[PDB]
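Considered here are two forms of the same protein chain, supplied as structure tokens in two stand-alone entries, structure 1 and structure 2.
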Structure 1
């Protein structure tokens, strides 16, 4: 069973107007689309199932996790369709672009960094309260609405904790952002997301994560072996300490998302999310040259 699977009689090529590519998930490309009945814009991920084995259980896990989330901070899932051998996965469209996109015109200021981190933390707090772990937190997977709302996306490797399985040990994520215990495949939980958040904070401040210049295979030993990264450069002490709190090699020494929502860097610098429209406008003006 696949949650939200629609009548196999329904034709997604009829119900949706498929537009340009806007991204990609674990296996499928993601397209902007129009719901032909409502004219709302949606995001459509298309996976070829014929061209796919081992992938399908990963796809089912993703959609299962997504369908169980109901949060302003997590991309909505609307349902799935089959067209011949292709699965059409219909999801919330966010027109502002990813936080990573919004870095292309130039650096963020610390108000913007704190606001985006605060909203990410609201998303993580929600997930972790549901015993879910995202496991691929990075600026590319943090999306903005055209109104500046901030949401977590791409649940391609998201995981579920249960009372019979308190921790996980699967090697998943994007290497530069992965926690040391995940890389070493030790038992881990939501604290792994908190490490990835720290890397993302560096990414938001500097434009790239630590080790970004190296072959990803090198971080397989570097991250477990080296002292954790710190934020280097002219940034406020609270931001540097926010980063340090997240990036501790010992997971139990990392704060919870709930706790980080009250961190002085967040409280002193975060502002209304509507202000992030300036960042979205900046990216639009820049794109247009």
Structure 2
């Protein structure tokens, strides 16, 4: 059946697997089909995406009642995983942001909206390549005020989410992280937008402020932000991110 792949360790259950034809590692999500419409939608979008900044989809298979979804394997962890040992520096922040922006620029140029940009959905390869993962929708802390209000929105909603993600990358968590999500649901539309507080460079605070404009048309586009002062002064080779990957592995081993 699906002996085109060898299931390795569990990493909806996700497994590391190996493509028997090439010996390349894949991620295998196995869903017991026994609502299916949401799974259905996710698969169609992934197969419609084709970018090095977006997790590759390799195909779906049915075995008995189980759907096998073959995905790009990325063994560096999520950006959220990499915050666990301690703070990032601004080079690491800018580098990660820059790659997310390339992914957003790709998606926004293809008339797509991610709708769930957050550090947990930014995945790294073992070599430090950064890609976007995981397809009123979103995760409340990162949701744009127009999304929460169930108002009309477009790709600018992702830009707001990018700003909240920039705060998460700098501070380790989004604004309001200690509050019940239902309270956050009224706070976001009501309150002044968050700002990055603490000892960060002016360009970084300015990058965040630009994303977090309550008026979506005043937020820059992903193309524009790729040329932001903070990105240009601070972003370096993605291969330098291996240091963060190593930091996490060491941290995770010590418990």
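Residue numbers count along the first chain shown, from 1. In this text, the rigid core denotes the largest set of C-alpha atoms whose superposition between the two forms falls within 1.5 Å.
For the set 262, 237, 225, 37, a Cα shift of at least 2 angstroms between structures 1 and 2, after rigid core superposition, holds for 37 and for no other residue. In the core-superposed comparison between structures 1 and 2, the C-alpha atom of residue 17 has shifted by at least 2 angstroms. We note a C-alpha movement of 1.5 Å at residue 85 between structures 1 and 2, with the rigid core held in register.
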